[PDB]
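Undergrad: Submitted below is the structure of interest, expressed as C-alpha cells.
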Amino acid sequence: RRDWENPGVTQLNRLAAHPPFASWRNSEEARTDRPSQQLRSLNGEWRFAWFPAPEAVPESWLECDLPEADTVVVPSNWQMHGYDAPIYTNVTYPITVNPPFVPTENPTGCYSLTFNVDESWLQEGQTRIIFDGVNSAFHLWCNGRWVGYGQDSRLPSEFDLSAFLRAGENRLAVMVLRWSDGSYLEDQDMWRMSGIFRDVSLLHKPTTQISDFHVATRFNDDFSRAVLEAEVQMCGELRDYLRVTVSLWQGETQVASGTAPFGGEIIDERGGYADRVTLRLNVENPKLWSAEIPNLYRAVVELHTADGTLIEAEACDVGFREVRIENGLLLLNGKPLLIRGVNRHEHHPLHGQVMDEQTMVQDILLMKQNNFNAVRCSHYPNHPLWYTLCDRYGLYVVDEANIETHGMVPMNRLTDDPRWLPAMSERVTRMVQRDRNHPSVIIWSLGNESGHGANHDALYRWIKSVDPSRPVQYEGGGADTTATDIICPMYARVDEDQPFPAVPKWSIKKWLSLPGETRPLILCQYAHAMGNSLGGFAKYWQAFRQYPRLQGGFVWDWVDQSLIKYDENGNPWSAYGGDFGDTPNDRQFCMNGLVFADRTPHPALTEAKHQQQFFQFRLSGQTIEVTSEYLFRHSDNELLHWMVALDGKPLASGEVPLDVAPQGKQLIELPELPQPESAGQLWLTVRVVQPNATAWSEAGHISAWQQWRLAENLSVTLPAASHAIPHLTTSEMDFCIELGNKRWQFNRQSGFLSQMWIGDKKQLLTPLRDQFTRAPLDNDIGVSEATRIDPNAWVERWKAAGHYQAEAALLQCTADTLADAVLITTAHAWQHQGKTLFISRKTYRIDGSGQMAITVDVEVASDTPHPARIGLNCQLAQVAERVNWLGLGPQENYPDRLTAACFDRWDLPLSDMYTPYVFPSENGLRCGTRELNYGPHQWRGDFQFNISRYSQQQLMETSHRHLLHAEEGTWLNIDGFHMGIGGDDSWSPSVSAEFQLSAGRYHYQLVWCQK
Amino acid sequence: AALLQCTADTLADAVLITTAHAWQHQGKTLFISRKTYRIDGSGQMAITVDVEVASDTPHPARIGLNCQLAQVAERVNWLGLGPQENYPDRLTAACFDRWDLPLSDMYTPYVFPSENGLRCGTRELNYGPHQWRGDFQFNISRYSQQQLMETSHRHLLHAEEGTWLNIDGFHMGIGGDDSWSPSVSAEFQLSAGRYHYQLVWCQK
Ligand SMILES: OC[C@H]1O[C@@H](OC[C@H]2O[C@@H](O)[C@H](O)[C@@H](O)[C@@H]2O)[C@H](O)[C@@H](O)[C@H]1O
Ligand SMILES: [Mg+2]
Ligand SMILES: [Mg+2]
Ligand SMILES: [Mg+2]
Ligand SMILES: [Mg+2]
Ligand SMILES: [Mg+2]
Ligand code: NA
Ligand code: NA
Ligand code: NA
Ligand code: NA
Ligand code: NA
C-alpha cells in the first residue's frame, strides 16, 4: 500500500488525540501529580536493525528478533548511534521534490522490544501504547500482528493494544521510515534525523473512562472573580449512576468542587451530548498566572459512581489568565505584554533531537536569568514536559504546528492545494487537542515558512472556533495575511524597509501604520545570532518601548545546532553542515544561537539580558529614577546597589531597597559625594540585585544594570620633566632610538616599527603595521561561497576591492630630534591594481619619559567599500597570563553591540579574551578602552582592541575552531575605529550606516609605554 | 585661556610650535586645546588641533579658531558646500563646488543678529592673499561674534576694521523643530569629548 507515499493516509487505527492522561486510580496522587502505576514507561534498551529500504526488511523480524540487531537506548535518533548520517539542509529539501513520493532508498529503522504485561491489565480495561515522537512515519506490529501506522513526527501516536497482548512476555515491532509524504511538511531549517526519539509508554484506562477534558477560565472586568469551566467527555457505557467531580486546589487547600452526572445541555434539534458534562466552579479573587508570577492551581477530574467508588482520575495544572487582543494590543490579564522572547529548537549536541528534563530545565533557567519571558516552539509541538516546565516556571509560549514546506516553489504550493488540507489539518488539530489546557500556551501558530495558502485560512478559522481563548498567528505569505491575528514578520528591520515583491518586509515602525492596519506586531524571528552577531539589538528594544503596538519578538535563536564528533585521538569537536558527508548542506547556518550547544553563553546573551531588563533608569543630579516594566508584581525581591568610581577606582557605594509597583517609579536620592582627589572621569553604575533565591535564580542574582558618566575633571597638569633625552641613531637601513634600557627600531625601507627591546629582550615577532581588514564574521560572509559568490556581501566587496591583498607603499619616513624627544614621521599608501585605497600618516614621538606617542591620520578613498577597521597590529613576543584594561567589559563587545558592557577596570586570563565561535572569525574585541596592560606593556588612548594567540589570517583561513593552533607570541589588534558586526539577518548586509566607517578621514592616537 | 605649554623646536626644514591651553571657569576646566604649528621652507603653516571637552559641560556651540584679519577684500572664493549659508543640520540643499561671491553675500542679514553665514564641508578657502585648506566650516564678515551677540537689530551693526574669520573644525546644529525648547538633535550636538582638526594656512 505504500502508505508513506500518500498524503491521504496519515494514520491507520490511531486513537484520538487528547490532553496528557495518566489514569490515576487514587485521587490524591492525581492532585499532587505523583507517578501513576497505570502509566508505564517503555523507554530503555530496545533491539534495532537498520536497512536501506523497507523492501529489505525480512519477514522473520515480525515474529522473531534478528540476530544481527543491536541493543540500543530508546528514545534516540539513529544517526546519533552512527547507523547513517544526519543531514543539515536549510531550505532545499533533503530529498527530490516530487510529492508525494520519496526515494526508493529510504533508510528504515527496525525497532523491537520484548516486554512483560501483567494479567491485571488484560483482565479488564484498555491497554494502549503511546509513541510521543517517531520521525517520520512508522508501522507497528504486536506479537506478529499488524496494529497500525502513523505520521507527524512531533505529536504522539497512540494505539489500542488490548486485543493484541497476552499476559507475560510480548514483542513489539516498529518499522520506522526516514522519509515519507509527511517529510514534505517537515522542512524546518535543522538537522534531518529519524527514529523513535521521544518517549514510549503504555497506559491502562478503564473501559468506562475520561476520554477528553477542556479547562477554561473566564473573568469579570477587574479579574477579581473567575469561573472555571471544565467540559468532560467519556467513552464506555453510559449509566445513570456515573458521575464526574471536578475539584480545584491551590496548594493543599481545596478552593472549589462540583459534581454532576453525564448529560450536556441541548446543542441542536437532535439534543445534546449525553456523553459529556460541563462543571462550572466560581473562584473569588483568584491568584492569576503570568510569566512574572506563575501562580497555579490543580484541577482534578474524577470519574466515579454515585455511591462513591472512583473509576479513574485525570488532572492538570491550571493557570488563571486571560489572553486577548483589544484595540490593537495583545493583553494578558488586561495588561499589554512586552514579549522578551526567543525561538528554541529541541537540540542536544550528543543526543540529537531527544530532549531530557535536565536540559529543558537548564534552558528555562538560563532564559529567565537572562530576562526572557517567552518562547516560540520553532517549528513544531514540543516534548510534553516542556509545557509543564513553562507552566510552572513561568514563560509565555507560542505552540506551533509541525508544518513547514519552505523548499516548495512557490512556497505555498502544498498549502494552497486542498488535497494537502487533511494532512495539514491533523498537524494543527491534534496539537490543539493535546495542549489546550496549558496556561503557558498563550498563542497558537499554524506552522512556519509554508507561504500562505487557503488551507491556512481554513485552519486559522478552525482554531478560532474551537478555542477562542488564544490568538492565532502565522507569518507565511507576508506576515500580515488573513491567517494571522498578529503582524509577525521575521527579520524585519527597525527603520529600514526591504520592499521585496509580493512579500515586502517593511520597517516594523512603518508596518504598524500602513493604511487600514491595526494589529499588534511581535516579530516571530528577529536578530539572527549566528556567530559574532546581535549588532543593532538595542535598536529593536528602543523601538519596542517607544511604540505601544510593537510588543516585542522572538530572537533567532536559543542554541546552536552543532553536533559532537570525535577526532582520531578521540577528542570531541563541534560540527556543522557537511561534517557528516551530508550534501548538499548549508554549512554553518545551523548555528544561530545565543548559547553554544553545550549551553555555554555566547557574548551576545549578555546584550539580550541588558536590553530585556524589567527596570529602566534615569538620572537627574543625584536622583536616580527607577521605573518598573513589570505588569503584575511589585519589586519584592530587589534592592539597588550603586557604585561610583574614578577611572575604575572605587570612591563610594551603597544599597537602597527597591519598592516599585508594576509600571510605577521610585525616586532615589544619592548622598553627596566628596570631590574626588585626582583628575579623571567619575562613573556611576547601578545594579538591581535579588537578595533571595527563587525557583529560577540564586540569591544575589543581578537582573538589571546601567551606568552614567558623572563629573569629569580634565587633567591640566604638566608632567614631571624627563630626567633624560632619547638618542637617535640614523643608518641607511634604520632609524634607532635609545633611552636607557629601551630601544626602538624603525625600518627605513618598510617605514614601520620593526623591533623593540627592553634590556636584551626583543618585544616583537612581527612589526607594528596598519590593519584595515578583519577575519570575516558570519554576517560579513552571508550566503557567499567559493562556488557561488554573493558580490553584495561585505566580504566580497572587500575582497574585490583588494582590501585583503593591498600592499603598503612607503611614501615617506623621516627622523627629527626635538628638545626632549625623537620624532619619526611616516606615510604609506595601500594600493590595489593601480588604485590607492588608503593613506596612513603617522608620527611617533619618543620622549625622555620612555613613552612612545603614536599619532595616526588615515584617508580612505570615498569609492572603496568602507573598511572593516582602522587600526594597527603586531605579534608580541610574549605570552602573559592576564589582560587588564580600563574600558568596556568584561565580555566581548563591538560598536553596535556594546550596551551591556560597562566601563570599569577589568582583569581576565588571556584565554577569556578569545571567544571560541565554532566557525572562527574576528572575535574578542573590547571597545571604549582608555588603557590596556599586558606583560610589561601599557597602551593608552581611546581605542578598541583584541588580543589572543590567533592571527587574523589564521582565523580567516580556518573554518572550525578545533583546528586552530596557538601561534608564537600574542597577536594584538588595536583599532582606532571598528565597523559594526550587524545581525538583523545573516544573508544580506546588515550593518547600519551609523556603524560603517565612511567618514573618509580618521584620526587616532596611542601612547605605548612600559609598566 | 590658561596657558599650559608653549614650546618651539627647530627642525630639518621647519619650525614647530607646540601649545596647550585650558579654559576654566570658577575652577572648572571646560576645554583643553593642544596644538602644533609647523611652518616650513615653503611658507606654509600647518596647524593641528586636538581638543578635549569636559563630559559634564554643556556640549559647545563650535570647536574652531577665530581671528580678525587686517585685510578687507571684495571676494570670497571657496571649494566646499554652497553657495548659500549652510549648517550641519541644514546643508542638504547646498552643493559641493567652487563658489565665488562678494564678501557681503557671506553675511546673512537676519533682523535679530546672530551667528550666520557659515558654509560647511569646505576644503579650501581664499580671501585676499590668504588660502586655508583642510576640511572645515567657516564664516567670514565684517562683524565679530561679540558684536552680533550684543546687537539686537541688524540696522545697528557697524562694519569693524578688517575681516572676522571663524574657521571651525566642528559646529553644532542650529535646530528649529521649535524655537522655545532645545531642538538640536543629538547627532548634531558636539558630544564626542575629543575632537581633531587640521588646517594649512598659506599665502596665494
Ligand atoms: O538560519 C537560517 C535562516 O534562513 C532564513 O532564510 C534565509 C534566506 O534564504 C533563502 O534561501 C530564502 O529563499 C530567503 O527567502 C531566506 O530569507 C529563514 O527565513 C530562517 O527561518 C532561518 O532558517
Ligand atoms: Mg501517508
Ligand atoms: Mg501504588
Ligand atoms: Mg507467553
Ligand atoms: Mg525554513
Ligand atoms: Mg552547500
Ligand atoms: Na511596545
Ligand atoms: Na539556521
Ligand atoms: Na524590594
Ligand atoms: Na574563519
Ligand atoms: Na544678537
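The numbers used for chain A are those of Swiss-Prot, and the residues that appear cover 14-1024, in sequence.
Just so you know, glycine gets a Cβ as well, placed from its N, Cα and C.
Features from Swiss-Prot:
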ACT_SITE  A:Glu462  active site, proton donor
BINDING   A:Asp202, A:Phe602, A:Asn605  Na(+) binding site
BINDING   A:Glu417, A:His419, A:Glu462  Mg(2+) 1 binding site
BINDING   A:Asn598  Mg(2+) 2 binding site
SITE      A:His358  site 'Transition state stabilizer'
SITE      A:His392  site 'Transition state stabilizer'
Undergrad: At a 10 A cut-off on CB-CB distances, which of the recorded positions A:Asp202, A:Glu417, A:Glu462 has the highest count?
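TA: Answer returned by the neighbour count: A:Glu417.
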Undergrad: Using the centroid of the Cβ atoms of A:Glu417, A:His419, A:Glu462 as reference, list every other same-chain residue with Cβ within 8 Å of it (recorded Mg(2+) 1 site), in sequence order.
TA: A:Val104, A:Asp200, A:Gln201, A:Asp202, A:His392, A:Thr418, A:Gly420, A:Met424, A:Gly460, A:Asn461, A:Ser463, A:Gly489
Undergrad: Measuring Cα to Cα, how far is A:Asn605 (Na(+) binding site) from A:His392 (site 'Transition state stabilizer') in Å?
TA: 15
Undergrad: In sequence order, which residues at least six apart in the same chain have a CB under 8 Å from the CB of A:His358 (site 'Transition state stabilizer')?
TA: A:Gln201, A:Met203, A:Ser391, A:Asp570, A:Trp571, A:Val572, A:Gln574
Undergrad: Taking Cα-Cα distance, which of the recorded positions A:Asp202, A:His392, A:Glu462, A:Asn598, A:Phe602 are within 10 Å of A:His419 (Mg(2+) 1 binding site)?
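TA: Checking Cα-Cα distances against A:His419 (Mg(2+) 1 binding site), the recorded positions within 10 Å turn out to be A:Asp202, A:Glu462.
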Undergrad: Give me the CA-CA distance between A:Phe602 (Na(+) binding site) and A:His392 (site 'Transition state stabilizer'), in Å, as a whole number.
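TA: Counting only the Cα atoms, the answer is 16 Å.
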Undergrad: Using DSSP and collapsing to three states, where does A:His358 (site 'Transition state stabilizer') fall: helix, strand or coil?
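TA: Going by the DSSP assignment, A:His358 (site 'Transition state stabilizer') belongs to neither helix nor strand, so it counts as coil.
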Undergrad: According to DSSP, which of helix, strand or coil covers A:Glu417 (Mg(2+) 1 binding site)?
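TA: Note: A:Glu417 (Mg(2+) 1 binding site) is in a strand by DSSP.
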Undergrad: Least buried of the binding-site residues A:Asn598, A:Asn605, going by other Cβ atoms within 10 Å?
TA: A:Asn598
Undergrad: For A:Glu417 (Mg(2+) 1 binding site), identify the closest of the recorded positions A:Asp202, A:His392, A:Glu462, A:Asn598, judging by Cα separation.
TA: A:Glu462
Undergrad: C-alpha of A:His392 (site 'Transition state stabilizer') to C-alpha of A:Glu462 (active site, proton donor): distance in Å?
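TA: The Cα atom of A:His392 (site 'Transition state stabilizer') is 9 Å away from the Cα atom of A:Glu462 (active site, proton donor).
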Undergrad: In whole Å, note down how far the CA of the residue listed as 'Mg(2+) 2 binding site' lies from the CA of the residue listed as 'active site, proton donor'.
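TA: So the Cα of the residue listed as 'Mg(2+) 2 binding site' lies 19 Å away from that of the residue listed as 'active site, proton donor'.
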Undergrad: Please work out which residue of A:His392, A:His419 has the most C-beta neighbours within 10 angstroms of its C-beta, and give that one of the recorded positions.
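TA: The residue with the densest Cβ neighbourhood is A:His392.
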Undergrad: Please report the DSSP secondary structure of the residue listed as 'active site, proton donor', reduced to three states.
TA: coil
Undergrad: Within 8 Å of the centroid of the Cβ atoms of A:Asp202, A:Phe602, A:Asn605, which other residues of that chain place their own Cβ, given that this set defines the recorded Na(+) site?
TA: A:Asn103, A:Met203, A:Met543, A:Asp570, A:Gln574, A:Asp599, A:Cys603, A:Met604, A:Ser999
Undergrad: Out of the binding-site residues I have (A:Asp202, A:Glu417, A:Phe602, A:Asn605), which ones have their Cβ sitting under 6 Å from ligand 8?
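TA: By the Cβ criterion, which requires under 6 Å to ligand 8, the hits are A:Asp202, A:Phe602, A:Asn605.
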Undergrad: Among A:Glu417, A:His419, A:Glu462, A:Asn605, please name the recorded positions whose Cβ is nearer than 6 Å to ligand 2.
TA: none
